[PDB]
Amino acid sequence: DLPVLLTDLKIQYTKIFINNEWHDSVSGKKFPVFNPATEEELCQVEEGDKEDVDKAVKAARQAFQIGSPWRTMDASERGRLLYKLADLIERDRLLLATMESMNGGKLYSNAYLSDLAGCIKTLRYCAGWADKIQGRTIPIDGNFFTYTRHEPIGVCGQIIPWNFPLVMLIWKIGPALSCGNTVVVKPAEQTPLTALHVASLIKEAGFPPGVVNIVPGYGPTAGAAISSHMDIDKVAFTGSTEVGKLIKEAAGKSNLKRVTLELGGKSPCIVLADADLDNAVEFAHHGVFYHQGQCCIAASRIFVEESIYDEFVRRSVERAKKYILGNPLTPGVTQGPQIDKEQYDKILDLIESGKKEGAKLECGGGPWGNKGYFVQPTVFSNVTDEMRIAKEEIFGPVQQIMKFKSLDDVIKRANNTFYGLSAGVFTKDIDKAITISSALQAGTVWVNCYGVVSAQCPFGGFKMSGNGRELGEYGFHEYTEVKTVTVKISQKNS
């Protein structure tokens, strides 16, 4: 069941968080934060810029110094601190999910039952790794003793998007901290509020000062200061392909800092004629419409074998027509607004491209409501590979359905994109499930499901959907720096 907050939400944390203390901006400037369902201002927040990032990096550097509390404490104690943080987020789950829904335009049902649960579970998963990060002893040639340290890297700048503010915050800080790094986080200008509340809880949990610093502010200002900073060792980023390139270029130009990116997708589904049809329709629908289409792994190209294409389209239209738009905080509402005017415009323009380029509009196709950035859930049939709605990430509630009859050819079509984040395959045939999944150039492939993400799984893109992996055993590698220590000895023995 679905509990709610019983007193109205009051916003408290609006300042920059450095050395576990709350800071005004060096400039004195603040910026507004809005509710996307009402277009009304919720509060003002201190606007971080290069001077504030500089303060946060110096604090993160000082907390990372050899001999510091965060460097010398037991690994197991880093893990305890992360488990306590998860306990505290659990405690404040009602408040955080409400704030997430109100600032982010996110259905409260999903914010409470999915986002917040995933934040808690991911933190507890990361806590468990902290004292299980291990190097190696190595039987090198010659009379030497050689071992490796999987050290933390150092100061990690972490630029977060607006579509999953808390979840991206925890996906970034959980592994970074578990491995022993210090972090400077720049949440989305649209959604700073839940991150600043979590900073409240980082202080309360007892993390040493400077281990986590949160600098709300804008992209070209505070984000770019992180990108180009000469004393940040690594930057991680989720967001647009265009910013990813600007960050990688900034990193190369300054100090050759390590960079990992996750950059969205144009993720395809392949539905074979032998698929459980209803199960395939339901998962592909959820794949593309989840959180108003504002998901990196949105299932935005659905290829269906011709034998079942018309039934698939018909059943998808029926399911898309069952939504209730409105304020994401009211029970029974099933689709909230898009995040802001930029994204709203982009979606409507792409919808229009679909009409003009010859797609078949099955439902939706326009905006909704007196206020709020609402888009009707929209389904296009007979989409072809050349159209803009087939090539460009939409990030809105807009489903594309295509037909195929040759399996060889539909795999090339699925792979014929610079994106590569995820894909889905729907079949009952063992051999097809394995060989299709092996052939798809995508970081996660779901078989007879879609959108299944868990802390135990590495997650990331092929090709221009990004580089590196997050979470799982494998994602922890990207938050360590390997040092080889080789000691001369008089005689080695196996």
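Residues carry their position along the shown sequence, with the first being 1.
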Checklist outcome for this item: Comparing mean C-alpha B factor in the record for 250 to 258 and 326 to 334, the higher one is 326 to 334
Checklist entry - On average, are the C-alpha B-factors higher in 348 to 356 or in 282 to 290? => result 348 to 356
Checklist outcome for this item: The residue of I133, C156, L82, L277 with the maximal C-alpha B-factor according to the PDB record is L277
Checklist entry - Whose C-alpha has the highest temperature factor in the PDB entry: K203, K405, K234, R78? => result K405
Checklist outcome for this item: Quick tally, chain-level thirds of C-alpha B-factors: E21 sits in the highest
Item to check | Within-chain third of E306 by Cα B-factor, per the entry | outcome: middle
Checklist outcome for this item: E362: C-alpha B-factor third of its chain, per the entry, is the highest
Checklist entry - Taking the entry's C-alpha B-factors for this chain, is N143 in the lowest, middle or highest third? => result lowest
Next on the checklist: Considering every modelled residue of the chain and its Cα B-factor in the PDB entry, is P165 in the lowest, middle or highest third?
Outcome noted: lowest
